[PDB]
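Secondary and tertiary structure notes
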Amino acid sequence: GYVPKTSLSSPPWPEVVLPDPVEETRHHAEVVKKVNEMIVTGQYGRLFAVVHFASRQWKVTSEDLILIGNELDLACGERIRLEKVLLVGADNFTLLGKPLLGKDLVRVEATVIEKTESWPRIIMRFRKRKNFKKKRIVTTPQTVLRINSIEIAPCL
Amino acid sequence: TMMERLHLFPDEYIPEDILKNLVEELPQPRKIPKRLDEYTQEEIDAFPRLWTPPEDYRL
Amino acid sequence: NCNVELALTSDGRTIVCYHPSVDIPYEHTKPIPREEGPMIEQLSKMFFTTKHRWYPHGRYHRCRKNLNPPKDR
Amino acid sequence: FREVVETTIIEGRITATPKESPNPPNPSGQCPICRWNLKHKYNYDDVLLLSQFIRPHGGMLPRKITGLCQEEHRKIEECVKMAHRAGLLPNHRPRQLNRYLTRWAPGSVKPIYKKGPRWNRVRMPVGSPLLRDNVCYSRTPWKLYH
Amino acid sequence: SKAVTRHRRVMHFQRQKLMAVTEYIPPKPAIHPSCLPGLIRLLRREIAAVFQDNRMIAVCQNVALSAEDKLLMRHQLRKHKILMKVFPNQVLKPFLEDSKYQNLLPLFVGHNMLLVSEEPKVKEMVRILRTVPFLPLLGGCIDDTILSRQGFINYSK
RNA sequence: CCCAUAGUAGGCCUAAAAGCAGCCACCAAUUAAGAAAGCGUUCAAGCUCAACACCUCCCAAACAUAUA
RNA sequence: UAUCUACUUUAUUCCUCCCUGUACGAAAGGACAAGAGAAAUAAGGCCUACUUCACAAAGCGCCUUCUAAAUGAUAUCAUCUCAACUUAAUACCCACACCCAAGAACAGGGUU
Ligand SMILES: [Zn+2]
């Protein structure tokens, strides 16, 4: 049970003790309460939000633009509530979900700017001495969204 | 160019025009071992001495 | 540098992290104090780059360089 | 121990012989190493043990005196070599390139003038295979050959 | 390449992976086991009959004589009824402890020569042991009383 | 590491070949040294073993300590 | 009839004498090292002589060339120790035009 102070006796990594969950959940409760006061009193500037739209996550803030490589099945100019927010932070605090934030807590709202297609892209196949040469020209449809607002609710 | 960014000096002596630019002293990767000389009294006293030498041995 | 405050919420679905900025203390601060080959050599030694960066390029490379590149932000 | 004092009168005098420390945490062993839970818990670093188990001129005591088992007597032998050549024992002299973990004597190692191909490369031995059975606090094991 | 070759043939890599995976793993012990915790009866009878044979015993230091020298000393000791006896001391210590020889225990170690007899003629062994300048007459015991060397001189005189 | 007497220079044939050129017995003394295990001599003499008594120019660079 | 790569100024040996026919060995035999010579080759130069020869280039000519001892443990003797120790490159080079010992061109040196 006892090993004296020796090079391979103690671990090289520094010893750390995790606090027992009683005062830790007290600390968690006061931190969540105080962040809730910062939300309800407007102690945030502008907010950023990692948002899982079509198949990929975007670091979305207000007032900005996103390009999406598919038809969205919407005419231009309609607004959108992007569900699947999965991180929302400000200058002083963040709120990240497991794996998502609730729909009562974050409202991220976007507008459909434009419905274009991509530039003509080249798909060319070539195997040598086998006379193998094929060429295809693709243009993938795209929609550009204007994120309008990322507002937050004091429900914690 | 990366190799020309780096400056090597063989001794403790560094020119003054480079000592005015440093910011962080990186930690040495290897844990330096220490000899009998750098042991204090409390360190060797805190270490328990392990065995019976025979009373009659010449060394 | 390490000082933030983490907290799982009550039902345990979101993680609330709190992180104010650490301001630099006043006591941790200082007061404000108040030919052609040799040219390439001097510029190389002054900017800690090789000599090869400083020789000019021909007209073909000077013409392909974009003069009004797309600017973001 | 005892000392042979000569001046011509020559005599042998016993002086200042230690004993066990007051408690071993795991008694009923055969060797002090097995008795202090140091079976696989030392290195070339710790010259406390290695300072205990040696003569004042860098040599070791025989196993019949210290009572060590064969395995860790050989381990202490190699650790004496590794600690002497690393410069960790400066007061145990008979009467400059920095090293550590030197298995072989630095005076009798031939340079690898022709290291082989990728499948037959002549590696540089680092550390010792006697200390192979140490406690592994590293995620990846010791590389004894570099 | 045939399947039976003069040199060792290189295995297909999947087979070598089999020979590596299936390799014999010997059981590691939890604690290493090295760190875990008619002639003699004849000698007993013979030296026992010797012990209740003699009345006084003298002992010597005889390995320091030549073969011819041991032959001569055997010759001048043959005219007496005395017998000589050497035997290992690790069995002589049970003999000394068995014969309640408490004061003879720290006497019989190393190379020693026993001179069992029943009547005094140690005088001429003193005479012939001044003829060589070594081999002292070691201490003995007459009828459970320790004889020192000055006691040997007094007992001789 | 020690330690090495004696029946005997075992008989037979062999100039003699003695434990050691070869055949056969391989008994026996003190407490114990084999009629003999390797040098060694024409042969001997000497020496060791056991046992008695103490027991074309190499070729990534490198790194054994931080938790699969 | 050379297009592209690559490239075009990085001191030995023999013989003779001395040491010495010393040490060594016991006689026969017989040193090294260092030094002095006489040669030869190679490299680097040079024209005073000789020779081909003549405002100079040459050679047959000349000059210069600098692993080992104790001590010692593991294995208290011992042990050279994949035991610890201790001891036994300089130089060279570097700020128009006319003639040239400089040179294919360009360059380079001199022009008081
Ligand atoms: Zn043990």
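What counts, and at which threshold
- Residues numbered from 1 in each chain as written, not as in the entry; some residues may be left out.
- Chains lettered and ligands numbered in written order.
- Part of a larger assembly, values for the part shown.
- Heavy atoms only, no water.
- Helix = DSSP H or I, 4+ residues; strand = E, 2+ residues; numbered from the N terminus.
- Rg over C-alpha atoms; globule rule 2.2 N^0.38 Å.
- Buried < 20%, exposed > 50% of the residue type's maximum accessible area, 1.4 Å probe, protein only.
- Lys, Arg positive; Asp, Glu negative; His and termini not counted.
- Charge placed at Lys NZ, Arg CZ, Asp CG, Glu CD.
- Near = heavy atom within 4 Å.
- Polar contact = N/O pair within 3.5 Å; in protein donor to acceptor, adjacent residues only side chain to side chain.
- Nonpolar A, V, L, I, M, F, W, Y, C, P; charged D, E, K, R; others polar.
- Contact = heavy atoms within 4.5 Å.
- Buried area = accessible area lost by both parts, 1.4 Å probe.
- Pairing = 2+ DSSP bridges.
- Axes fitted to C-alpha atoms, helices over the stretch in contact; angles between N-to-C directions.
- Salt bridge = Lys/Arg side-chain N within 4 Å of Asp/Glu carboxyl O.

Going by the header, the method for this PDB entry is cryo-EM, and the resolution given is 3.5 Å.

Moving on, we come to the overall build of chain D. Regarding its fold elements, chain D presents four helices and two strands. Each helix and strand of chain D, ordered N terminal to C terminal, gives the series β-β-α-α-α-α. Since a compact globule built from 146 residues should have a radius of gyration of about 15 Å, the 19 Å found for chain D marks it as more spread out than a globular shape. Residues classed as buried in chain D amount to 34% of the 146 residues present. In chain D, which carries 26 positive and 11 negative side-chain charges, the distance between the mean positions of the two groups comes to 13 Å.

Around RNA strand F, the structure places 33 residues, and the nearest of them are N43(D), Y100(D), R121(D), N89(E) and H111(E). The sugar-phosphate backbone supplies 57% of the atoms of RNA strand F found within 4 Å of the protein. A distance of 2.8 Å separates a phosphate oxygen of RNA strand F from a polar atom in the side chain of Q90(E). Residue classes in the surface near RNA strand F are distributed as 15 nonpolar, nine polar and nine charged.

To continue, consider the protein's contact with RNA strand G. Among the 20 residues in the neighbourhood of RNA strand G, the closest are listed as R58(B), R55(D), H84(D), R93(D) and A105(D). Each atom of RNA strand G within 4 Å of the protein belongs either to a base or to sugar and phosphate, the latter forming 69%. Measuring from a phosphate oxygen of RNA strand G, one finds a backbone N or O atom of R63(D) at 3.0 Å. In the model, a sugar or linking oxygen of RNA strand G is placed 2.7 Å from a nitrogen or oxygen of the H84(D) side chain. Among the elements that make up the surface near RNA strand G, the one with the highest residue count is helix α4 (residues 70–85) of chain D (five residues). When the residues that make up the surface near RNA strand G are grouped by side-chain class, the tally is seven nonpolar, five polar and eight charged.

The subject of this paragraph is the interface of chain D and chain A. On the chain A side, the residues contacting the 12 residues of chain D number 12 residues. Of the roughly 1000 Å² buried between chain D and chain A, counting both surfaces, carbon and sulfur atoms make up 69%. At the boundary of chain D with chain A, the tally comes to one residue pair in polar contact. For the side of chain D that touches chain A, the residue count by class is six nonpolar, three polar and three charged.

Turning our eyes to something else, we now look at the arrangement of the chains. The top pair by number of contacts, from a total of six pairs of chains in contact, is chains B and D. Taking C-alpha atoms as the reference, chain C and chain D come no closer than 25 Å and do not contact one another. The smallest C-alpha distance separating chain C from chain E is 43 Å, and no contact links them.

Further remarks concern the sheet that holds strand β6 (residues 93–97) of chain A. The strand order across the open sheet built from six strands is β2(A)-β1(A)-β5(A)-β6(A)-β2(C)-β1(C), with neighbouring strands paired in antiparallel fashion. Sheet topology places β2 (56–61) of chain A together with β1 (5–8) of chain C at the edges, where each strand pairs with a single neighbour. Recorded for the sheet is a direction-independent mean angle of 15° between the axes of neighbouring strands. Together, β6 of chain A together with β1 and β2 (14–18) of chain C form the strand contacts of helix α1 (residues 21–40) of chain A, whose direction differs from that of β1(C) by roughly 100°.

Here we take up the side chain of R81(A). Residues and elements named next belong to chain A. Within the fold, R81 resides in strand β4 (residues 79–81). No salt bridge is formed by the buried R81, whose closest oppositely charged neighbour, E83, lies at an N-O distance of 4.3 Å. Polar side-chain contacts of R81 include one of 2.6 Å to the backbone oxygen of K103. Residues contacting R81, with those up to four places away along its chain left out, are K103, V106, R107 and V108.

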